[PDB]
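Residue numbers begin at 1 in each chain, while the letters A, B, ... track the order of the sequences. Counting convention: from 1, in listed order, for ligands and their atoms alike. Atoms considered below: every heavy atom in the structure, side chains included; atoms not considered: hydrogens, waters and symmetry mates.
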Amino acid sequence: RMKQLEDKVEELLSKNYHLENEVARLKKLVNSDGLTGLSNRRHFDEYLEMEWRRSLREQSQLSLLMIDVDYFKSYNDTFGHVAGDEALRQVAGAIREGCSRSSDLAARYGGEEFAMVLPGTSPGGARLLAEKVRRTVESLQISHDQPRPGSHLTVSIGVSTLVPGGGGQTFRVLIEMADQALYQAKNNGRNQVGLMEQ
Amino acid sequence: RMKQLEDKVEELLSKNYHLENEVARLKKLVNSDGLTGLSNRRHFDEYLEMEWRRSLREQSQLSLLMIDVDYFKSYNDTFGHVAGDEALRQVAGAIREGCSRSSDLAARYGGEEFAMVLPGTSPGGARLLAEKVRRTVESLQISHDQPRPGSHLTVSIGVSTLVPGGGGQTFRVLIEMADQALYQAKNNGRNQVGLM
Ligand SMILES: Nc1nc2c(ncn2[C@@H]2O[C@@H]3COP(=O)(O)O[C@H]4[C@@H](O)[C@H](n5cnc6c(=O)[nH]c(N)nc65)O[C@@H]4COP(=O)(O)O[C@H]3[C@H]2O)c(=O)[nH]1
Ligand SMILES: Nc1nc2c(ncn2[C@@H]2O[C@@H]3COP(=O)(O)O[C@H]4[C@@H](O)[C@H](n5cnc6c(=O)[nH]c(N)nc65)O[C@@H]4COP(=O)(O)O[C@H]3[C@H]2O)c(=O)[nH]1
Ligand SMILES: Nc1nc2c(ncn2[C@@H]2O[C@@H]3COP(=O)(O)O[C@H]4[C@@H](O)[C@H](n5cnc6c(=O)[nH]c(N)nc65)O[C@@H]4COP(=O)(O)O[C@H]3[C@H]2O)c(=O)[nH]1
Ligand SMILES: Nc1nc2c(ncn2[C@@H]2O[C@@H]3COP(=O)(O)O[C@H]4[C@@H](O)[C@H](n5cnc6c(=O)[nH]c(N)nc65)O[C@@H]4COP(=O)(O)O[C@H]3[C@H]2O)c(=O)[nH]1
Ligand SMILES: [Mg+2]
């Protein structure tokens, strides 16, 4: 039955290839990140652009947190990818729990990067949530040997807010500001909240 | 040997199984309706639930259109399901022309129903948009023998708007009120907008 077998291998190869293509297509149509269950980056961009227009309409404050996991590459190295993945789920959970309003959105922005969209939220309120999230990540007390061998996982967080309508500003500049602030946080020793320059 | 073909086949069975699972998992998460490209009902429910809470917070006016395709069961029976599906495709096209704000959302609510959520929108504005959808559908001139030979496909539309109150009031009251307006439109002759 060696024709029988070789034939089945061929049948299955074809069926599998179809399924792999189907998976690829569906992934581009789904809003969530497989690992963490948060919004994926595509949906983040889409959602934030839409909120940009709502805030423009209402002249409301649109806030954004850009959140990065500190020393994460070394975590994967010294604890393994599987553990890393679980650390990411735990951080995501903290981020998710960090925003409670129906209009808040938590997203996985990249490999180890997250974002929170906060419609109708003042710079002050955004700052609070940023601290709340960072603090919640710490209280998770996930073990890391970096930089000190007795340390726990942390995030750095950049904060920005804008009322849309100002010349030359877009949801993309809102991101750029939060990224700027994120840099500050990291370069001031990480595990902290950096604020945009008014 | 016959043993290398047997292992490879088992491997492929396993890969196949997991792939099929992943495809089914992802299909449940898709937010769009295949036929019309609008939001599906599950996404509509989620979106309306979130908008209700946003409107509660801002004490803003939240409007809803519930849209029935008139005599649609008869249409599908008379002209067949393929034709019916094409009619639904064209009506959806007419609808999504109907809203433009980043917060407006149109959906396939059910087999022959559509809905449109209009956050921050006054009753007057909602009626305006509803009339536009109604007019656009009729201009499609899709042939129908209902209510009589030589008619065309139309919609009846119910409009509601509420500023959410607290307590146990949920977004479902907005749907109930739009359905009541829709009933008025239908009982008044169809191919029109009912209101309240
Ligand atoms: N987007 C977003 N922002 C958040 C969230 N949590 C808090 N904030 C921000 O943090 C600021 C201060 O929050 P608070 O200390 O709880 O102080 C709050 C709280 O005591 C009360 N409050 C606001 N809304 C609610 C609510 O929905 N439920 C409850 N229990 N209290 C609320 O009013 C005070 C002032 O509220 P705000 O002026 O709006 O200002 C809030 C808001 O800008 C959140 O989950 N999502
Ligand atoms: N401590 C604190 N908690 C917050 C804040 N923002 C949101 N939350 C939490 O997130 C839940 C959902 O908020 P929502 O979707 O905006 O939905 C809210 C909002 O639509 C409205 N709401 C409640 N309190 C306030 C308020 O103080 N001001 C305004 N404008 N709306 C409120 O009622 C809905 C349900 O309220 P909750 O049962 O309290 O449930 C709130 C509350 O548990 C905040 O700033 N501070
Ligand atoms: N408060 C307020 N905000 C305004 C006004 N004009 C424009 N905007 C703001 O500017 C954005 C783009 O406006 P647009 O280019 O006219 O592009 C608009 C326009 O083409 C159309 N649109 C939405 N609502 C209306 C309306 O009420 N009347 C008309 N003629 N067009 C509208 O849909 C597009 C997207 O709307 P949005 O996503 O909401 O995004 C709108 C909204 O954030 C205004 O008179 N009042
Ligand atoms: N949800 C939703 N509602 C819509 C849309 N288009 C029109 N409306 C509704 O229809 C009402 C009258 O629209 P208008 O004659 O264009 O009269 C508008 C228009 O002249 C201007 N406007 C508002 N927003 C926009 C906008 O985004 N773009 C432009 N170009 N004009 C706008 O402000 C006037 C009054 O606006 P409203 O008080 O909001 O009242 C609006 C709003 O309730 C839409 O695409 N989505
Ligand atoms: Mg119905």
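- When only modelled atom types and interatomic distance are considered, B:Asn191 and B:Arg134 share a side-chain donor-acceptor pair under 3.5 Å.
- A tilted orientation is assigned to the rings of B:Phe79 and B:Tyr75, their planes being inclined by 30° to 60°.
- Near-neighbour remark for the Mg ion (ligand 5): protein N, O or S atoms under 2.8 Å are B:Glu113 OE2; waters not counted.
- Atom CZ of A:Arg172 has 12 or fewer heavy atoms from other residues, nucleotides or ligands within 6.0 Å.
- Each of B:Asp68, B:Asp70, B:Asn188 was checked for a side-chain hydrogen bond (donor to acceptor under 3.5 Å, both in side chains) with B:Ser156, and the lone residue meeting it is B:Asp70.
- More than 12 heavy atoms of other residues, nucleotides or ligands sit less than 6.0 Å from atom CZ of B:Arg54.
- Crowding of B:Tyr47 atom OH: a count of heavy atoms from other residues, nucleotides or ligands under 6.0 Å exceeding 12.
- If you check the side chains of B:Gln180 and B:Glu176, you find no donor sitting under 3.5 Å from an acceptor.
- No hydrogens or angles considered: nothing links the side chains of A:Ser74 and A:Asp77 as a donor-acceptor pair under 3.5 Å.
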Step-by-step side-chain hydrogen bond (donor to acceptor under 3.5 Å, both in side chains) determination, A:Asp85 to A:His81: CA-CA 6 Å; A:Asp85 282 5; A:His81 166 261; 3.1 Å; yes
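- At a heavy-atom cutoff of 4.0 Å, ligand 1 is surrounded by A:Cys99, A:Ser100, A:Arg101, A:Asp104, A:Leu118, A:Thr121, A:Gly125, A:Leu128, A:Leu129, B:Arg57.
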